[PDB]
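S.K.: Before I ask anything, here's the sequence and the deposited coordinates:
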Protein chains: 2
Amino acid sequence: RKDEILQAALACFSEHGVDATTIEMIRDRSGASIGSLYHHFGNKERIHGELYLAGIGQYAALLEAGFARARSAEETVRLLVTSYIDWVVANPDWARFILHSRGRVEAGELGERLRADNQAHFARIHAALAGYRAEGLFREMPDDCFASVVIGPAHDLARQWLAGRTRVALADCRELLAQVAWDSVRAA
Amino acid sequence: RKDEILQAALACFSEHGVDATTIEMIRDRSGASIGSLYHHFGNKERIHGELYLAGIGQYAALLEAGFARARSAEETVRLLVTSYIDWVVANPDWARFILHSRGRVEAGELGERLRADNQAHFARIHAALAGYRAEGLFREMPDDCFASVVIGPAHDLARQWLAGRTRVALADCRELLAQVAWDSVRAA
């Protein structure tokens, strides 16, 4: 179970830091042999990038599931926000890891896959929003601006919260951030 | 001129990366002797933290100047956003450096000063907003939520823009992000 191996790696990385974690620590936490870790993935660096890609992959999967049942532009926008906040609250160590690891992954051998994954993710979101945008349901702005207005507050609060720099529980701001995202981008 | 030395360090860091920059490279770019670099600041690591603190200090100074002449809650909110966007557009290498260096600075010997600076900055912003908040000019939310709604989109777009991941010029989204910040936090 590759998922089991990635969660072991995450636990090691969170406890000891990335650089101080060895492949030995991952086999001992995961119960998989070193041969097995290589068969499923590869060395520590490959496992590190796969952990990254799986984490962003989980957010994209939430969106895919949700776009299918969203009943309105409002729900579609809210989904981008609640999916991120809920995923972070459920996976705080994984969120921390993702927020600190992109540069490292893009620099290495999984850089191409990261680009392709990112492209697929953006494309699905763009397709989900496009009919509503055509219907004039949103205030006029560039697609990149829309993206940052919808998710920027949640990204920013999550970053502060994870670093222990807030006086609020992230889950306690879920409804507010969803509501503000919709109110920020909806037509006047 | 300490400012001159910090700008030299920034140029070195941006060109060669932090780890590959030596104190020798900083003296050669800055025209200051190694004795002088130590007299004004210290070694590469101290210079690195001073560069960080000066960068956040410049944003706080913009706010201080602006709070004095803002004629309304709307202008006060807009100021938090235009100051950040303008500073990033004027100082893209410095912005990149700040966005990637906090962990390193907080971990080291300038950690106490970083905490005290951060505390002073937050306190000034809290004082600037408090009368408007008392007047019911804003939608109800926790202070930390307000902070992330106002600046999160700008932080997020700046991050993407600096990394070459946007199809927009950051300066071309300045008015939109200021307007959205005000619209996002103002009372209904």
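M.R.: Perfect, I can see it now. Numbering: from 1, shown residues only, chains lettered A, B, ... in the order given.

S.K.: And stretch A:5-25, end to end?
M.R.: Distance between the boundary residues of stretch A:5-25 (Cα to Cα, to the nearest Å) amounts to 11 Å.

S.K.: Equivalent analysis for stretch A:21-41, please.
M.R.: The first residue of stretch A:21-41 is 16 Å away from its last residue (Cα to Cα).

S.K.: what distance separates it from the centre of its chain?
M.R.: Averaged C-alpha coordinates place stretch A:21-41 at 24 Å from its chain's average position (Cα atoms, centre = their mean, to the nearest Å).

S.K.: Pull the residues that contact that stretch.
M.R.: The contact list for stretch A:21-41, computed with Cβ atoms under 8 Å, 6 or more residues apart in numbering or on different chains, reads A:2, A:4-5, A:8-9, A:11-13, A:16, A:43-44, A:47, A:50. In short, each C-beta sits where N, CA and C put it, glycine included.

S.K.: now with 10 Å?
M.R.: Contact partners of stretch A:21-41, identified using Cβ atoms under 10 Å, 6 or more residues apart in numbering or on different chains, comprise A:1-2, A:4-16, A:42-51.

S.K.: ok, now stretch A:102-115?
M.R.: Applying Cβ under 10 Å, 6+ apart, the contact partners of stretch A:102-115 are A:18, A:42, A:45-46, A:48-53, A:56, A:98, A:117-118, B:100, B:163.

S.K.: For PyMOL, write the selection for the buried entries among the contacts of stretch A:21-41.
M.R.: Selection of the buried residues among the contacts of stretch A:21-41 in PyMOL, burial being defined by 16 or more other Cβ atoms under 10 Å in any protein chain shown:
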select buried, chain A and resi 5+6+7+8+9+10+11+12+13+42+44+45+46+47+48+49+50+51
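
S.K.: from the contacts of stretch A:21-41, which ones fall inside helices?
M.R.: Helix and strand membership here follows DSSP state H; of the contacts of stretch A:21-41, those in helices are A:2, A:4-16, A:44-51.

S.K.: sorry, back to before: closest one to residue A:187 out of the contacts of stretch A:102-115, please.
M.R.: Distance from residue A:187 was checked for each of the contacts of stretch A:102-115 by Cβ to Cβ. The minimum falls on residue A:118, at 28.7 Å.

S.K.: Contacts only, for the residue nearest to that closest one when sequence neighbours are not counted.
M.R.: In space, not counting the residues next to it along the chain, residue A:118 is nearest to residue A:56; the distance is 7.8 Å by Cβ to Cβ, 6 or more residues apart in numbering or on different chains. For residue A:56, the set of contacting residues under the criterion of Cβ under 10 Å, 6+ apart consists of A:98, A:102, A:105, A:114, A:117, A:118, A:121.

S.K.: Surely residue A:138 touches residue A:183?
M.R.: No: under the criterion of Cβ atoms under 10 Å, residue A:138 makes no contact with residue A:183, lying 11.5 Å away.

S.K.: from the contacts of residue A:56, which would you call buried?
M.R.: The neighbour-count test (16+ other Cβ under 10 Å) applied to the contacts of residue A:56 identifies A:98, A:105, A:114, A:117, A:118, A:121 as buried.

S.K.: would a markdown table of those with secondary structure be doable?
M.R.: A markdown table is the format used below for the buried ones among the contacts of residue A:56 (DSSP: H, G, I helix; E, B strand; the rest coil):
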| residue | secondary structure |
| --- | --- |
| A:98 | helix |
| A:105 | helix |
| A:114 | helix |
| A:117 | helix |
| A:118 | helix |
| A:121 | helix |
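
S.K.: Hmm, residue A:141 is touching residue B:183, no?
M.R.: No: Residue A:141 lies out of contact with residue B:183 (Cβ under 10 Å); the separation is 11.9 Å.

S.K.: Could you identify the most distant pair in the buried ones among the contacts of residue A:56?
M.R.: When the buried ones among the contacts of residue A:56 are compared pair by pair using Cβ to Cβ, the two farthest from each other are A:105 and A:121, 14.7 Å apart.
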